[PDB]
J.: 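Sharing a structure below in structure tokens format, with a few things to ask.
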There are 2 protein chains.
Amino acid sequence: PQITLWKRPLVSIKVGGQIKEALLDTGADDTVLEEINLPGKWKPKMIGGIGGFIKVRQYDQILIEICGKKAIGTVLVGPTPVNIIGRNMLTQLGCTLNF
Amino acid sequence: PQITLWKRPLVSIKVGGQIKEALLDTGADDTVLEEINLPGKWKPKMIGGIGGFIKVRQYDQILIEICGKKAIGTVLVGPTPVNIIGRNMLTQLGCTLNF
């Protein structure tokens with residue numbers, strides 16, 4: 001799809017047997033979700049920083065479907081005000097900026 | 001231009017008689033720059049919030065050129081770790097997300 005930016009790019013995502021709303025964020029390096037139980041191993045990871053560090057759970061090679069196309073990448077699970085789809089997953093979807 | 005997201009989308013911008021590097025951030029509502037003297041009036045504005053509010057100077061109808069095309073919109077001038085081009089300016093450039 002082509003998405004204009006007059007409003008926030010919230011999309012619907014399928015992940016871990018759940019449906020969630022998330023933000024296509026070209027300004028984020030990583031993908032962060034909250035309130036989900038992902039399969040497989042996880043390692044702790046300190047992210048963020050400015051104001052202090054926040055610990056999350058890093059799951060690797062997690063599938064996320066968005067408007068039809070599927071992406072597989074690392075997902076960080078921890079507290080976040082909005083579910084973020086960072087560039088690590090945007091690139092797996094073939095997402096580009098165009099103007 | 002078409003910009004892939006394998007790396008951070010830093011571009012070169014012309015604004016206020018200066019050249020600066022900034023980030024095309026679909027995850028930001030507003031455009032924030034630091035260390036510049038913009039012309040015209042400005043009103044104070046509290047932005048951000050999570051962890052506390054930060055005061056910036058809001059200049060309206062400011063021109064910014066990026067890879068050839070010009071945009072006119074509100075620019076917030078205050079401390080920021082990276083110069084951000086929010087959706088208010090991305091939309092003026094005709095910027096979309098495509099995958």
Side-chain angles (χ1 to χ4, degrees), chain A residues 1-14 21-34 47-54 64-74 76 78-99, chain B residues 1-14 21-34 47-54 64-74 76 78-99:
Chain A
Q2 172 173 309
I3 301 179
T4 61
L5 298 176
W6 288 103
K7 52 182 188 59
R8 288 172 181 177
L10 290 323
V11 290
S12 212
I13 71 184
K14 286 177 176 164
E21 192 166 84
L23 183 72
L24 306 183
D25 192 354
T26 65
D29 299 333
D30 317 308
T31 298
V32 190
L33 308 175
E34 72 166 12
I47 63 163
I50 318 182
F53 287 99
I54 291 166
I64 300 195
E65 181 179 340
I66 303 179
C67 322
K69 200 243 195 310
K70 320 211 189 73
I72 287 86
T74 291
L76 310 173
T80 171
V82 191
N83 292 326
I84 296 306
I85 309 292
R87 294 186 292 100
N88 78 292
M89 285 294 209
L90 292 180
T91 310
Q92 296 300 312
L93 289 190
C95 188
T96 58
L97 285 162
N98 297 87
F99 66 95
Chain B
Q2 172 173 309
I3 301 179
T4 61
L5 298 176
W6 288 103
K7 52 182 188 59
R8 288 172 181 177
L10 290 323
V11 290
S12 212
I13 71 184
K14 286 177 176 164
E21 192 166 84
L23 183 72
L24 306 183
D25 192 354
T26 65
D29 299 333
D30 317 308
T31 298
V32 190
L33 308 175
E34 72 166 12
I47 63 163
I50 318 182
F53 287 99
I54 291 166
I64 300 195
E65 181 179 340
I66 303 179
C67 322
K69 200 243 195 310
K70 320 211 189 73
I72 287 86
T74 291
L76 310 173
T80 171
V82 191
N83 292 326
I84 296 306
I85 309 292
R87 294 186 292 100
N88 78 292
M89 285 294 209
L90 292 180
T91 310
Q92 296 300 312
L93 289 190
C95 188
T96 58
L97 285 162
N98 297 87
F99 66 95

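Convention: sequence-line order gives letters A, B, ...; per-chain numbering from 1. In what follows, every heavy atom counts, from backbone to side chain, and hydrogens, waters and symmetry copies are set aside.
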J.: What is the distance from atom CG of A:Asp25 to atom OG1 of B:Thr26, rounded to the nearest 0.5 Å?
T.: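 Spacing of CG (A:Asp25) from OG1 (B:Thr26) equals 5.0 Å.
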J.: To the nearest 0.5 Å, how far apart are CG in A:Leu97 and CG in B:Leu90?
T.: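 That separation rounds to 7.0 Å.
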J.: Which one wins on heavy-atom pair count under 4.5 Å against chain A: B:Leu23, B:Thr4, B:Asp29?
T.: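 The option with the most such pairs is B:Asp29.
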J.: Between B:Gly94, B:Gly51, B:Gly68, B:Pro1, who has the most heavy-atom pairs with chain A when the cutoff is under 4.5 Å?
T.: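 Most pairs with chain A among the choices: B:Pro1.
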J.: Give the interface residues of residues 80-89 of chain B toward chain A, defined by a heavy-atom separation under 4.5 Å.
T.: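 Listed by number: B:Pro81, B:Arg87.
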J.: Please give me the minimum heavy-atom distance between B:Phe99 and A:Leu24, naming the atom from each residue.
T.: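 Closest pair (atom of B:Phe99, atom of A:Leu24, distance): CE2-CD1, 4.2 Å.
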J.: Checking A:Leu93 against chain B: side chain, backbone, both or neither under 4.5 Å from a heavy atom?
T.: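 When you check distances to chain B, atoms from both the backbone and side chain of A:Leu93 fall under 4.5 Å.
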